[PDB]
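Novice: Part one of the assembly, not moved from where it sits:
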Amino acid sequence: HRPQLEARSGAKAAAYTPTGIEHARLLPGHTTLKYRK
Amino acid sequence: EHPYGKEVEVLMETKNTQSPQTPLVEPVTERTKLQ
Amino acid sequence: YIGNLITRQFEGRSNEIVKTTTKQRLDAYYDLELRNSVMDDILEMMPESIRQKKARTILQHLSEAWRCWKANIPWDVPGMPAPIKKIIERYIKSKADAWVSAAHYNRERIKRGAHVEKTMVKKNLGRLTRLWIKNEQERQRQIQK
Amino acid sequence: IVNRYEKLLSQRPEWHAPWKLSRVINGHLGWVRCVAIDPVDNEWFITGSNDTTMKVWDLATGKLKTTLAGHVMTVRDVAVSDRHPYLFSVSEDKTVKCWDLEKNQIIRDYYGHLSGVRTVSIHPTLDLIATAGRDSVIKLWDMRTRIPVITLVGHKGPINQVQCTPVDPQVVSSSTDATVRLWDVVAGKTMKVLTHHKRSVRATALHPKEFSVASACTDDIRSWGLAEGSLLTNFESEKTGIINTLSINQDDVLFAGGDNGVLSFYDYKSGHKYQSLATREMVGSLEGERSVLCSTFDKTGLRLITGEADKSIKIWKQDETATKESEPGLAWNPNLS
Amino acid sequence: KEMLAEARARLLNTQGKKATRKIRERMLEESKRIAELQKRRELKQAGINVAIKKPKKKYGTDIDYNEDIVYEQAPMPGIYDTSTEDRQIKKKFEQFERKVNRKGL
């Protein structure tokens, strides 16, 4: 009933259906790349 | 020092050279702006 | 906002919800990464078979070695394969260095007196008294030798 | 099967020169977990740390240029970009941070790992990132919009090391389930699995030319052809375990960093081990703290840079005298497997 | 002798506030089961037959494991083509349940 013994596989989260809530940190920013020469 | 002693340069770095603002990759300005 | 309120109102809240590390839950995560990192090594040194029993056991030995490092007690196990002792000594030296460096940093943050939490003052005091007594015992032993 | 053993006695492989210790750089407070090198000018390092920082060292003189803070916990991996002036660092704090080399400030944060992220590799031609960690999945990030475009479900445990390649399999991955998968990203599923390792595959490296990969484990460093996914070769290794890292020079030299502190150099073609060194721990360190956490070669490949657990970076140079007078290493005796 | 008896009492018990509570609560639950069972047996002795209840649903998607195979993972295909042994199995299974309706284990 204590500690981790494992971690949660992202695989699970891969099969769920998306909610579509809009977060503050995914608002568009630095919208243009920079290429080197 | 003695652990190596001969060829090996043991250098202990703290502080900095190159004050933090420096670009560290130089922006390429193709045109020369006089403005 | 109201976009989130209502889309959450029809569509339910997200099931994933990963949650970032912050000021409060940091130390827990540090613990966690550490115990994992020791599991890897001490599983890959061993020749073949045993896992879970020796897992829980070896990680307990980790915790005990840490406590004994705070208390300045030397922590010998009467018997234990040497290489494992190499490993645990390594990681506990690491955690020790991080811990000490956090003590210095928080102290010199309090000397300036800028937004230190009510508890961080208490905790930091604790870490400093531990460190100070270690310096004392060091001085005394070195006087004996 | 002896026929194979005769066919191992014809070749007499590939002479090289030994290595030695040019320079020792102290200056990190914690361990040094990862190292990457400026892929264009060879003017510097970026070295992760266990103290959360990243310290940009000059390759020429070894002086310290600047410090990049910004992570709250240890930095497992760092990767610098070719086409871009960007530096992607990634840590145990569940976050992949971009860095704009021009202004030296965090630009973007990629979000969405469940837990600590131990590997970043920057796809050569696509403007992607590949990140992975204890999630047990590989996340292909769109560099511009910070959208985790593709997710690769697969390994049954944590993912240690990830690489990117321009043609098929575009992502190679290695996990503690002791496998190495060769991924096809467009379809988003395993193209090939390589199971030959007996324990966690803790390190890989891509040969800069031959289009193959070198995989590691406790005692056995194998190689693998990409494309078909064949085995290519093996490398002679008695217990060196544990192998923390691998690096491949342009001359077909294959480095192997030990946890016992031994530096095991190989020829890549053969499998022969032509040199083994032992590092000096440090003035006040512990015999446990002698190990090699990461390593790389410069763009030339005539220098080697190894972060060690003793809180020091060491720079290993290739001897110029050498030749046949007395180079010869262990000299090619293929024992029975 | 009193404080020694008490010491002997405390040193022998490691149950804990939560753990002791879950033991006794489990005893309560099993008692409730026994009660409902013997109810059903008594009403059966009078001929009136009443089915047992499913303990509602904690959450919306909760599963009743009896009603269906939880996650059915086919063993595999295979070359040896059993196809007969399944028949003998089903015969033995329907035999088992057909027994329990009468001799009652």
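Specialist: Happy to help now that I have it. Residues are numbered from 1 along each chain as shown, chains lettered A, B, ... in the order given.
Novice: got the CA coordinates for stretch E:72-87 in CSV?
Specialist: Output in CSV follows, covering the C-alpha atoms of stretch E:72-87 (Å, rounded to 0.1, in the frame of the first residue of the first chain):
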residue,chain,number,x,y,z
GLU,E,72,-11.6,-12.4,-23.4
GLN,E,73,-8.1,-13.0,-24.8
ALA,E,74,-8.3,-15.9,-27.2
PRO,E,75,-5.4,-18.3,-26.3
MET,E,76,-4.1,-18.2,-30.0
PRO,E,77,-4.7,-20.0,-33.2
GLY,E,78,-2.5,-23.1,-33.5
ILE,E,79,-1.7,-26.0,-35.7
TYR,E,80,-2.8,-28.9,-33.6
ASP,E,81,-6.6,-28.1,-34.2
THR,E,82,-8.1,-29.1,-30.8
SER,E,83,-11.8,-28.6,-31.6
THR,E,84,-12.7,-32.0,-30.0
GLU,E,85,-11.4,-31.3,-26.5
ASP,E,86,-13.7,-28.3,-26.3
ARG,E,87,-16.7,-30.6,-26.6
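Novice: Just give me the neighbour total for whatever residue of the stretch 201-337 of chain D ends up closest to chain C.
Specialist: At 3.9 Å from chain C, residue D:288 is the closest residue in the stretch 201-337 of chain D, using CB to the nearest CB. All C-beta atoms are positioned from the backbone trio N, CA, C, and that covers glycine. Around residue D:288 sit 22 other residues, with neighbours defined as other CB atoms under 10 Å in any protein chain shown.
Novice: So it sits against residue C:92, correct?
Specialist: No. At 9.7 Å, residue D:288 and residue C:92 do not qualify as touching, with contact defined as CB atoms under 8 Å.
Novice: From the centroid of chain C, which residue is nearest?
Specialist: residue C:31 (4.6 Å; CA atoms, centre = their mean).
Novice: Is it correct that residue C:48 falls within a strand?
Specialist: No. Residue C:48 is assigned coil when assessed by DSSP: H, G, I helix; E, B strand; the rest coil, not a strand.
Novice: where's it relative to residue D:222, distance?
Specialist: 20 Å (CB to CB, to the nearest Å).
Novice: So for the two, which residue has more residues nearby?
Specialist: Neighbour count, other CB under 10 Å: between residue C:48 and residue D:222, residue D:222 has more, with 21 against 5.
Novice: quick one, what contacts the more buried one?
Specialist: D:196, D:197, D:214, D:215, D:216, D:231, D:232, D:233, D:234, D:235 (CB atoms under 8 Å, 6 or more residues apart in numbering or on different chains).
Novice: then add chain F to what we have above:
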Amino acid sequence: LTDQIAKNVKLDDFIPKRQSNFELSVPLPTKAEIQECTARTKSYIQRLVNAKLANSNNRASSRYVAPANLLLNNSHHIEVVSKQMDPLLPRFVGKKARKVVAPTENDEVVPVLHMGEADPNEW
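Specialist: Below is chain F, added to the chains above:
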């Protein structure tokens, strides 16, 4: 019958190819081969990203972005047409957060192919 039994695993997977002849050359992947994989992969990822940015709740985020049915024998043809949603009503009437357990469909087996006594007294 020997074919059937362990039919999957076979010897030549254990044996390395370069041990026969060193210098057997594994070619790097040309040039105009990568200019292909880069093309198709790039297009595909663009389809995913643009597919996402037009999903979510921002009239803002959409600025960073066919009959097609021969049904059965094509007898009846078809023309496929999107319907403009009432902007107020939820678009995607059926998108609702729910959790799912996926099966793992194993078509074939990947043979796991590898090559103490006093030791325990040490370990």
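Novice: now that chain F has been added, could you go back to the neighbour count of residue D:288?
Specialist: By other CB under 10 Å, neighbour count at residue D:288 equals 22.
Novice: And the helices in the chain, which stretches?
Specialist: The chain I'm using is chain A. Along chain A, counting by DSSP state H, helices occupy A:10-15.
Novice: switch to chain C, that's the one I care about
Specialist: C:2-11, C:26-45, C:52-70, C:82-112, C:118-144.
Novice: Tell me which of those helices sits nearest to chain B.
Specialist: Chain B sits nearest to helix C:82-112 of all the helices of chain C, at 14.1 Å, using CB to the nearest CB.
Novice: Would you mind listing what in chain B touches chain A?
Specialist: Taking CB under 8 Å from any CB of the partner chain, the part of chain B that reaches chain A is made up of B:25, B:28.
Novice: Residue in chain B with the shortest distance to chain E?
Specialist: Closest point on chain B to chain E, by CB to the nearest CB, is residue B:14, at 51.6 Å.
Novice: Residue numbers of chain F in contact with chain C?
Specialist: F:57, F:90, F:95, F:96, F:97, F:98, F:99, F:116, F:119, F:122, F:123.
Novice: wait, what's in contact with the nearest residue to the third one once chain neighbours are set aside?
Specialist: Leaving aside its chain neighbours, residue F:95 sits nearest to residue C:11 (5.9 Å; criterion: CB to CB, 6 or more residues apart in numbering or on different chains). By CB under 8 Å, 6+ apart, the contact set of residue C:11 is A:19, A:20, F:90, F:95, F:96, F:97.
Novice: Which part of chain C gets nearest to chain A, residue-wise?
Specialist: residue C:14 (4.0 Å).
Novice: I'd say that residue and residue F:95 touch.
Specialist: No. The criterion here is CB under 8 Å, and residue C:14 misses it with residue F:95 at 11.9 Å.
Novice: tell me, what's touching those two both at once?
Specialist: Joint contacts of residue C:14 and residue F:95 (CB under 8 Å, 6+ apart) are residue A:19.
Novice: And the strands in the stretch 151-300 of chain D, which stretches?
Specialist: Secondary structure of the stretch 151-300 of chain D (DSSP state E, counting those that start in this stretch): strands at D:159-164, D:171-175, D:180-184, D:189-194, D:204-206, D:212-215, D:222-225, D:243-248, D:253-258, D:262-267, D:273-278, D:292-297.
Novice: returning to what we had before: where's the residue of chain C closest to chain A relative to residue A:22, distance?
Specialist: 11 Å.
Novice: do the same with residue C:58
Specialist: Residue C:58 is 46 Å from residue A:22, by CB to CB.
Novice: out of those two, which sits in the busier spot?
Specialist: residue C:58 (19 against 16).
Novice: following sequence is chain G, add it:
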Amino acid sequence: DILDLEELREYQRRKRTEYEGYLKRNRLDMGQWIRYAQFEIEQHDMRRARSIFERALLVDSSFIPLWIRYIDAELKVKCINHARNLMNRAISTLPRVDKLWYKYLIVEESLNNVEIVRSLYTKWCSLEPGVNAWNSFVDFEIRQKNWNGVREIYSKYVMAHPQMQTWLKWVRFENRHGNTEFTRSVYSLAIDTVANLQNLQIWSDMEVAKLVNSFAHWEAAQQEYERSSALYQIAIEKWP
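Specialist: Take a look at chain G, now in place beside the chains above:
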């Protein structure tokens, strides 16, 4: 206890909810899976048991006791073909694990079918496993006849384990069965292969010593002191 059907039915529901609770929380801890499948067997319902096992394998396929109990669950209920398909899945997953191959061998021999065990051992030899497998295989043929065969077997074996004591086993077979004609020829077959490839150095010197003494000494048992001293004499020449 249980009385009527609906009584039992609940006794299933409850137990299952406890189990799949603890397995919902711990994907690992195979003991629990094994006990749970075991339960659904004691309910005389196989399909469920098989599902439980298959899941337990999807979690971990490298833990064999799981495999073995999942085999015996099919055998004890007298379902054989399942326990066959299951085997070709098992060994094909883990060809190095010996316990699997031996188990499938035994399960075949208790059914007296010797062709299946023959082809089986053939395949299990092709992968060049190790001395225990081969030795068990010739000890198979001895229970059979295949005196013509067991020679071929040893042929393969000595090519796949070029060591003395493999050859020493070879001749020890013939001398145990006493046939002299082949014995001599094979003792010849060892030594000329030695000196033929000896430049390749794999055979140790002491090995050569033990091999010489066997052939020369045995010829001395055949009273061919001319031949014996002849051999030994050549051995002096070919060696320091």
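Novice: What about the contacts of residue D:222 again, now that chain G is present?
Specialist: D:196, D:197, D:214, D:215, D:216, D:231, D:232, D:233, D:234, D:235, F:16.
Novice: contacting residues for the residue in chain A positioned nearest to chain B?
Specialist: Nearest residue of chain A to chain B: residue A:37, at 5.0 Å (CB to the nearest CB). By CB under 8 Å, 6+ apart, residue A:37 lies in contact with residue B:28.
Novice: In space, what's closest to residue E:86 - neighbours in sequence excluded?
Specialist: Residue E:86 sits nearest to residue G:79 (CB to CB, 6+ apart), 7.8 Å away.
Novice: The residue in chain A positioned nearest to chain E: neighbouring residues, count only.
Specialist: Using CB to the nearest CB, residue A:1 is the residue of chain A that sits closest to chain E, at 9.7 Å. Residue A:1 sits with 5 neighbouring residues when counted by other CB under 10 Å.
Novice: what's the answer for residue D:177, then?
Specialist: For residue D:177, using other CB under 10 Å, the count is 22.
Novice: Also the one 5 residues further on?
Specialist: Around residue D:182 there are 22 other residues, counting by other CB under 10 Å.
Novice: Wait, it touches residue D:193, no?
Specialist: Yes. The criterion here is CB under 8 Å, and residue D:182 meets it with residue D:193 at 7.5 Å.
Novice: which parts of chain E sit against chain G?
Specialist: So chain E meets chain G at E:33, E:37, E:40-41, E:44, E:51-52, E:54, E:63-66, E:69-86, E:88-89, E:92-93, E:96-97, E:100-101, E:104-105 (CB under 8 Å from any CB).
Novice: In helices, which of these appear?
Specialist: Those of the residues of chain E next to chain G lying in helices (DSSP H): E:33, E:37, E:40-41, E:44, E:85-86, E:88-89, E:92-93, E:96-97, E:100.
Novice: Name the residue of chain C that lies nearest to chain E.
Specialist: Counting by CB to the nearest CB, chain C gets nearest chain E through residue C:12, at 10.2 Å.
Novice: contacting residues for that residue?
Specialist: A:19, F:96, F:97, F:98.
Novice: What is the neighbour count of the residue in chain F that chain E sits nearest to?
Specialist: In chain F, no residue comes nearer to chain E than residue F:4, which is 5.4 Å away by CB to the nearest CB. The local packing of residue F:4 (other CB under 10 Å) involves 11 other residues.
Novice: any idea how far it is from residue D:171?
Specialist: Residue F:4 is 35 Å from residue D:171, by CB to CB.
Novice: got it, and residue D:250?
Specialist: 23 Å.
Novice: Between these two, point out the one with more neighbours.
Specialist: Legend: neighbour count by other CB under 10 Å for residue D:250 and residue D:171, higher for residue D:171 (24 against 14).
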